[PDB]
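# Working through the structure, step by step
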Amino acid sequence: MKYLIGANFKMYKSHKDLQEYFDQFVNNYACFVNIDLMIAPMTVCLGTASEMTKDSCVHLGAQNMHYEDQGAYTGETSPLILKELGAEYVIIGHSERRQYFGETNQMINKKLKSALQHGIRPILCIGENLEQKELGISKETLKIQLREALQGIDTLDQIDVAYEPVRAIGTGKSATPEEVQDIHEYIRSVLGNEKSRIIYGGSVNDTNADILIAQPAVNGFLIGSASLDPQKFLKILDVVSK
Amino acid sequence: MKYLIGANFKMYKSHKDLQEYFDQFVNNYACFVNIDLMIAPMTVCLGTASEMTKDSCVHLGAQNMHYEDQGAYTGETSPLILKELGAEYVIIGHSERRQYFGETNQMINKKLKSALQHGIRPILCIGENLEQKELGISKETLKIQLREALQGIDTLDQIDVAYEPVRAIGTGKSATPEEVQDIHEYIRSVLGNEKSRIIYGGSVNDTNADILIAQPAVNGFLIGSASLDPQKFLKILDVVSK
Amino acid sequence: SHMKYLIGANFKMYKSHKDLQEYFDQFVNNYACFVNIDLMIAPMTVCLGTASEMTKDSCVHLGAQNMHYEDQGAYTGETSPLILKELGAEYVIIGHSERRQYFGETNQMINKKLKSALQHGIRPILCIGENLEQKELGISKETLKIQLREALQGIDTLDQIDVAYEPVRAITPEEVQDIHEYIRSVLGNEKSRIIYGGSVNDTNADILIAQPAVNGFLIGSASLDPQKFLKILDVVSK
Amino acid sequence: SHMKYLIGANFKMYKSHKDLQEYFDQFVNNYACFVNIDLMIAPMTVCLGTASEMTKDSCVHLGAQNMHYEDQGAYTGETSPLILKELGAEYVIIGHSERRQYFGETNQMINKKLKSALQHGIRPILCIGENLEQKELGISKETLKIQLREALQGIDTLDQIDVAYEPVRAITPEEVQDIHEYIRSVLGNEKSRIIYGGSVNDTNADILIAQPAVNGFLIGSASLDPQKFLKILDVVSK
């Protein structure tokens, strides 16, 4: 098992920002033997990113994907194209897709199935909101998200999971490290598998990445905002390599 | 007013399919003086398309777009990037986005506003389904789609409209030409403007494009499936140039 | 002259059993039973048994504020149209804006309710109305045509159905006429009554009723006072 | 022994006024008023006035099949908890699966209804239950905890509330016990009754009631026959 540390750029970076990111990053990243490093740029920029990860230890990830190979899905992205560009990961069911764009557990289930059919390693995002935590149904919320997402899939070891707690308020610490460990243990139990990476996609930055990755159930990170500054993201990768 | 004829590829074509399309197409299209020719490839391929429309009379169109310039919108496409690639059109509120991916009139309204802020010419898609037509509320359905979409926008002449009747059953003729004319007249009335192109995005192919474009309220087409075969799409453009 | 005006009291969720008794006593014994007016009172569903006892052998027609589309079955908390018929209910209010927003009336449900009420000879009052955003946008009429068409599909005798128009708003006469006249064209017959459910007091019942497309009223909180409901009917009586 | 069993009849949308009369006469005069049992009958809302007349000066507790969370107001077709209290309703069924699917009960609405029933001293029966996909997936318990927690937020005295568990299905005892025992842990007190709303006939009422976490039943169509409801209660009576 290698750590999986992904950069989720979300809808950020012009083409010049992306070029300057890859220059700063690929001239300074050490390609640590024990880290799977994934960068997921904006989908419209995956072609350009593709030409920068093709000669790199970086793995191209996509932020979303349709479940069909082709068809009448205006504005959607086909897995066939992600395969063409060398995308090796796909972020599936991110909380922002669930909140804003009609992403359901049933469609997530089709996307994970497609990603495995095409040999793309899907990263399934789950997470409870603040109210669900206060009501004490965090683990229960996650189990339902996981079971409806993973239903009918025989080999879960090919799936990674990001625990992404949903938080309308910023905290810089959407959970305590012990809480993350406990959640990740629970998820690992539901997953029934020791090969899936369970990565924390909560608030991760350079001042807590050490105590977070130290937890034995934390198999890496899915980092949003902090990954947009190349220096900060390198500092975090240094911490992970200890 | 030039005719606006767009190709909506939807989620179709590998990179090789797109290259072979542009070779067949750009070696044979006559760049008719009275046609605005737009091609909208899959979003993940807009960078490649961009390099093929940059030296072409073809206008790059996008199939979808977020309303923010940047932010936490995993899997979304920023208008700043479409501007960078030379996209001059954007398809907004296509029926497939409304049916499958949480596209609302309120979000469509923000997307049209953003497209105009950034000088991208938005193509607003409207259309009633079969039941709405049978109930005799076609025009009424369209007026609501249009008014909630266009609310608060002062200069509608910078907006084009595709009348895209929604039809679960194929017919090859989702409306009769006289019906299209009547609908387009109605839309023109709601639009209060003589510069907007109102283009028919119903079932358009090479055997009806002549009687359709002949209607004076039909200002062009938004073609889906028929536009994926380069020869068929050229035959239609020939008909339009008379 | 081919038409009797329909004037209905929608009590909504108001009045105890005793308030309902004080009302009907003071009302039935003092209301003149005008021949031009179908008078309808719709108390709370739980008080329909009391109300029907007080209006048998009276000219007041009993109305229900909602009902279900099945006769019997596993519909916890629902009211069967059979019970309404046994009780002597002649009207039912279908699709009130309050149900649409709070308790999931869809146009599909409304449609089955109107078909049910017709099969049982209960006369339904379909409630349609635009909200303030829809009038501000200028799509009031288109909004109502959608509501009406979706609610009435497959119903061959629209003359059996009355319509109450009420603008949906948080808690002008020519504008009412214009809206009602449009609704009439959507209905495609003259026999249906198009009653106004917006603000109706005594200052304006006469001006409003005089409009040819205004066939009466659906009166909300103003109808809770028997004296006030009587004063409205007298103004309508000219 | 700290507990009285709760056994309720949910008539749903069944029985005319006359069927309801034949029932209560045959029932009240023949039911032994067991001291260990709170006996509850919930007829149609429109028949609650009749029913209360028949059970004043009787041991049968009257239940309502639904209610609204406000006392009065612009809620066309809704039932006020004040009318229920004046009528002598002691129970109300909240959040029945039929309302959840058909007529838009949300957990937020259910929550205001339970708070209302408590403010008025009406004892609510919260209905929770998983569907077949949720049991097939293996998330039955997690599903119920979500329903319970969302329905009970901010309510400080859960002991005032009973729960009916019914698997939601199209129209085993140890498995019931397992589910009820889990629900008990979510409730965090012993005083709440957890009654089973699944299949309960005379062959199995005894085996089911004997489970320590099964505190009674919510009986649907089987309760429509007075003789059958009496035979169930007698089996429970051992």
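Residues numbered from 1 in each chain as written, not as in the entry; some residues may be left out. Chains lettered and ligands numbered in written order. Heavy atoms only, no water. Residues with missing side-chain atoms left out of burial classes, pairs and counts.

For this entry, the PDB record names X-ray crystallography as the structure determination method and reports a resolution of 2.09 Å.

From N to C terminus, chain A includes ten helices and eight strands. Compactness check: chain A gives a C-alpha radius of gyration of 17 Å against a globular reference of 18 Å for 242 residues, within 12% of the reference. Dimensions of chain A along its principal axes, counting C-alpha atoms only, are 45 × 45 × 35 Å. Put simply, 71% of the contacts in chain A that link residues at least 6 apart link residues at least 24 apart. (Helix = DSSP H or I, 4+ residues; strand = E, 2+ residues; numbered from the N terminus. Rg over C-alpha atoms; globule rule 2.2 N^0.38 Å. Contact = heavy atoms within 4.5 Å.)

The number of helices and strands found in chain C is ten helices and eight strands. Relative to its length of 238 residues, chain C is compact, with a C-alpha radius of gyration of 17 Å against a globular reference of 18 Å. Projected onto the principal axes, the alpha-carbon positions of chain C cover approximately 45 × 45 × 35 Å.

Our next topic: the side chain of B:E128. All names here are of chain B. By the secondary structure assignment, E128 is in the loop between strand 5 (121-126) and helix 6 (130-134). Only 2.8 Å separates the side chain of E128 from the side chain of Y163, close enough to count as a polar contact. At 2.8 Å, the side chain of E128 forms a polar contact with the side chain of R167. Beyond its immediate sequence surroundings of up to four residues, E128 is in contact with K133, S138, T141, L142, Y163, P165, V166 and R167. (Polar contact = N/O pair within 3.5 Å; in protein donor to acceptor, adjacent residues only side chain to side chain.)

Here we come to the pattern of salt bridges. Two residues, B:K143 and C:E142, come together in a salt bridge whose shortest N-O distance is 3.1 Å. Taken together, the positions of B:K143 in helix 7 (residues 138-150) and C:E142 in helix 7 (residues 140-152) put the pair across two chains. Close ionic contact of C:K113 with C:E105 constitutes a salt bridge, the shortest N to O distance being 2.6 Å. One continuous salt-bridge network, built from bridges that share partners, spans A:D36, A:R121, A:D160 and A:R197. (Salt bridge = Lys/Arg side-chain N within 4 Å of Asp/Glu carboxyl O.)

Below, the discussion takes up the packing of aromatic side chains. With 4.9 Å between their ring centres and 70 degrees between their planes, D:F11 and D:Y23 make a pair best called edge-to-face. Residue D:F11 is found in the loop between strand 1 (5-10) and helix 1 (17-28), and its partner D:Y23 is found in helix 1; the two are separated by twelve residues along the sequence. Here the aromatic residues A:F9, A:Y21, A:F22, A:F25, A:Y29, A:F32 and A:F233 are joined through ring pairs into a cluster of three or more. When the ring centre of A:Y67 is taken as origin, the NZ or CZ atom of A:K110, which lies over that ring, is 4.7 Å away. Its guanidinium or amino end placed over the ring of D:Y69, D:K112 lies 5.8 Å from that ring's centre, counting from NZ or CZ. (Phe/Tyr/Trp six-rings, centres within 6.5 Å; stacked < 30°, edge-to-face > 60°. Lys NZ or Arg CZ within 6 Å of the ring centre and 35° of its normal.)

Interface size, as often reported, equals the accessible area lost upon joining of the parts. Taken together, the contacts link twelve residues of chain B with eleven residues of chain C. In terms of residue count, helix 7 of chain B provides more of the side of chain B that touches chain C than any other element does, six residues in total. Here the residues of the side of chain B that touches chain C sort into four nonpolar, three polar and five charged. (Nonpolar A, V, L, I, M, F, W, Y, C, P; charged D, E, K, R; others polar.)

Time to look at the relation of the copies chain B and chain A. Taken as rigid bodies, chain B and chain A are interconverted by a rotation of 180 degrees and an axial shift of 0.0 Å, the fit giving an RMSD of 0.0 Å. When the rotation and shift are considered jointly, the pair of chain copies conforms to a two-fold rotation axis. The overlap is high: 100% of the interface residues of chain B also sit at the interface in chain A, so the same surface is used on both sides. (Least-squares fit on C-alpha atoms.)

With that settled, the discussion passes to the packing of helix 7 of chain B against helix 7 of chain C. It is at 9 Å that the axes of helix 7 of chain B and helix 7 of chain C come closest, and there the two elements cross at 130 degrees. Here helix 7 of chain C runs oblique to helix 7 of chain B, going by the angle between their axes. The hand of the helix 7 of chain B/helix 7 of chain C crossing is left-handed. From helix 7 of chain B, B:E140, B:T141, B:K143 and B:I144 reach across to helix 7 of chain C, where they touch C:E142, C:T143, C:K145 and C:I146. (Axes fitted to C-alpha atoms, helices over the stretch in contact; angles between N-to-C directions. Parallel < 35°, antiparallel > 145°, perpendicular 65-115°, else oblique. Left-handed = near helix turned anticlockwise from the far one by under 90°.)

It is worth spelling out the environment of A:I236 at this point. Residue and element names in this part refer to chain A. With respect to the secondary-structure elements, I236 resides in helix 10 (residues 230-240). Once the C-alpha coordinates of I236 and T141 are considered, the two residues, 95 residues apart in sequence, prove to be 29 Å apart. If we skip the residues at most four places from it in the chain, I236 touches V204, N205, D206, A209, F221, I223 and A226.

Let's shift gears to the state of the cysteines. Between the sulfur of B:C31 and that of B:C57 lies a disulfide, 2.0 Å long from S to S. Between B:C31 and B:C57, the disulfide has an S-S torsion of -85 degrees and is therefore left-handed. With B:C31 in the loop between helix 1 (15-26) and strand 2 (35-40) and B:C57 in the loop between helix 2 (46-53) and strand 3 (59-62), this residue pair connects regions lying 26 residues apart in the sequence. The residue that forms a disulfide with C:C33 is C:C59, at a sulfur-sulfur distance of 2.0 Å. For the disulfide bridge between C:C33 and C:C59, the dihedral angle about the S-S bond is near -85 degrees, and by the sign convention the bridge is left-handed. (Disulfide = S-S within 2.5 Å.)

Next up on the list: the environment of B:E164. Position of B:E164 among the secondary structure elements: in the loop between strand 6 (160-163) and helix 8 (177-191). With 76 residues separating them along the chain, B:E164 and B:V240 place their C-alpha atoms 19 Å apart.

Counting contacts across all four pairs of chains that touch, the top-ranked interface belongs to chains A and B. If you take every C-alpha in chain B and every C-alpha in chain D, the smallest gap between them is 21 Å, and the two do not touch.

Let us now look at the pairing of strand 4 (residues 89-94) of chain C. All names here are of chain C. In the sheet, strand 3 (residues 61-64) pairs with strand 4 via three bridges, with the strands oriented parallel. By the bridge assignment, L62 is partnered in strand 4 with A89. Handedness of the crossover is the feature at issue here: the chain leaves strand 3, passes through helix 3 (residues 81-87), returns alongside strand 4, and the resulting connection is right-handed. Pairing analysis gives four bridges linking strand 4 to strand 5 (residues 123-128), with the strands arranged parallel. Opposite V92, over in strand 5, you have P124 as the bridge partner. (Pairing = 2+ DSSP bridges. Right-handed = clockwise from strand over helix to strand, strands pointing away.)

What follows deals with unusual backbone geometry. Residue A:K242 is not a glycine yet carries a positive backbone phi of 60 degrees. Relative to the assigned elements, A:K242 resides in the segment after helix 10. Located in the positive-phi region is B:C31, a residue other than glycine, with phi close to 55 degrees.

Right, let's get into the packing of helix 1 (residues 17-28) of chain C against helix 2 (residues 48-55) of chain C. Residue and element names in this part refer to chain C. The contact between helix 1 and helix 2 brings their axes to 10 Å, and the two run at 20 degrees. Classified by the angle between their axes, helix 1 and helix 2 sit roughly parallel to one another. Helix-helix and strand crossings are classified by hand; for helix 1 and helix 2 the assignment is right-handed. On the side of helix 1, the interface is formed by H17, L20, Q21, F24 and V28, while helix 2 contributes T50, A51, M54 and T55. When the residues that make up the contact of helix 1 with helix 2 are grouped by side-chain class, the tally is five nonpolar, four polar and no charged.

Residue and element names in this part refer to chain B. Pairing analysis gives six bridges linking strand 1 (residues 3-8) to strand 2, with the strands arranged parallel. Paired with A7 across the bridge in strand 2 is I39. As paired elements, strand 1 and strand 8 (residues 220-223) share four bridges and run parallel to each other. Paired with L4 across the bridge in strand 8 is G220.

The subject of this paragraph is the environment of D:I183. Take D:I183: it is sitting in helix 8 (residues 173-187). Between the C-alpha atom of D:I183 and that of D:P212, which follows or precedes it by 29 residues, the distance is 12 Å.

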